[PDB]
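Structure record follows, encoded as structure tokens.
Cβ: placed from backbone, ideal geometry, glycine included. Neighbour counts: every protein chain shown. Nothing in this text is a laboratory measurement; each read-out follows from the coordinates by a stated rule.
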Amino acid sequence: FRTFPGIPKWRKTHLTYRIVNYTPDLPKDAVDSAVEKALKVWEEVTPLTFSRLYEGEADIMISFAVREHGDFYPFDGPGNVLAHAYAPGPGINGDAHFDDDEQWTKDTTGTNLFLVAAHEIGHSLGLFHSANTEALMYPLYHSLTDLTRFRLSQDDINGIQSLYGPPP
Ligand SMILES: CC1(c2ccc(Oc3ccccc3)cc2)C(=O)NC(=O)NC1=O
Ligand SMILES: [Ca+2]
Ligand SMILES: [Ca+2]
Ligand SMILES: [Ca+2]
Ligand SMILES: [Zn+2]
Ligand SMILES: [Zn+2]
């Protein structure tokens, strides 16, 4: 696994998140379901807990946008960058942005929102890109022959427990 330069990480285990807006591609309840599941993948193997806010500034502000959207890294239309996220820290740090020029899905038919969100949350928690082809944090998108098979690799678990420890 890799961490970011200087190893920034949250200095607390109870984190907040806010879904600021929604992609047209799925029902809101599906987006909420995909986001909750992506957070739980990391909650289950650490002491971290995520609490949903509906207004104000959460630690992890999740939003969907296209092209230029208020940071130094514009999106780029369909394909290429799918989303991006910032390492732990205040303000824009920790936030996750999803390119709404992608087609977001709940399955294998497009760009799986759960999958990509799970990878971005890794970044929001302090993990960079792994060299392991089976890691969730490996930098190469691939959807899945059955999502029910999905499992964090040991490389992802060890990265995240190195920063935050195992569940108490
Ligand atoms: C290219 C890239 C990305 C995003 C989500 C991914 O989801 C995965 C990761 C591994 C396996 C299957 C899906 C993969 C790459 C990635 O490297 N980093 C990222 O933050 N956004 C991106 O678009
Ligand atoms: Ca894109
Ligand atoms: Ca933030
Ligand atoms: Ca879209
Ligand atoms: Zn952005
Ligand atoms: Zn990545």
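For the range 117-141, name all the residues that are within 9 Å of ligand 6 (Cβ to nearest atom) and in a helix (DSSP H, G or I).
Answer for the range 117-141, where residues must be within 9 Å of ligand 6 (Cβ to nearest atom) and in a helix (DSSP H, G or I): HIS119, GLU120, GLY122, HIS123.
Can you find even one residue in the range 19-42 that is in a strand (DSSP E or B), of a type outside the set (S, T, N, Q), in contact with a strand residue (DSSP E or B) (Cβ under 8 Å, 6 or more places away or on another chain) and over 19 Å from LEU136 (Cα atoms)?
Within the range 19-42 (the criterion being in a strand (DSSP E or B), of a type outside the set (S, T, N, Q), in contact with a strand residue (DSSP E or B) (Cβ under 8 Å, 6 or more places away or on another chain) and over 19 Å from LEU136 (Cα atoms)), the answer is yes, since at least one residue qualifies.
Do you know which of the residues in the range 63-91 that are within 14 Å of the chain's Cα centre (by Cα) and more than 15 Å from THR111 (Cα to Cα) is surrounded by the fewest Cβ atoms within 10 Å (Cβ to Cβ)?
To start, the set of residues in the range 63-91 that are within 14 Å of the chain's Cα centre (by Cα) comprises 63-64, 81-88.
If we keep only those that are more than 15 Å from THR111 (Cα to Cα) too, we end up with 63, 85-88.
Numbers: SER63: 17, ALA85: 22, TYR86: 21, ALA87: 20, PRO88: 21.
The qualifying residue surrounded by the fewest Cβ atoms within 10 Å (Cβ to Cβ) is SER63.
Within the range 83-134, can you find the residues that are away from ligand 3 (no atom under 16 Å from the Cβ), over 24 Å from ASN158 (Cβ atoms) and either hydrophobic (A, V, I, L, M, F, W, C) or out of contact with any strand residue (DSSP E or B) (no Cβ under 7 Å at 6 or more places or on another chain) (or both)?
Residues satisfying the conditions are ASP101, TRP104, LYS106, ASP107, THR108, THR109, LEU113.
With the condition kept exactly as written, say whether any residue in the range 145-155 is more than 14 Å from the chain's Cα centre (by Cα), under 12 Å from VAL45 (Cβ atoms), more than 16 Å from ligand 2 (Cβ to nearest atom) and small (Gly, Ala, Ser).
Checked the range 145-155: at least one residue is more than 14 Å from the chain's Cα centre (by Cα), under 12 Å from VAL45 (Cβ atoms), more than 16 Å from ligand 2 (Cβ to nearest atom) and small (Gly, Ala, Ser).
Looking at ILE121 and the list (1) over 17 Å from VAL45 (Cβ atoms); (2) within 16 Å of ligand 5 (Cβ to nearest atom); (3) of a type outside the set (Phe, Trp, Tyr), which single condition is not satisfied?
So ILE121 meets the others, but not (1).
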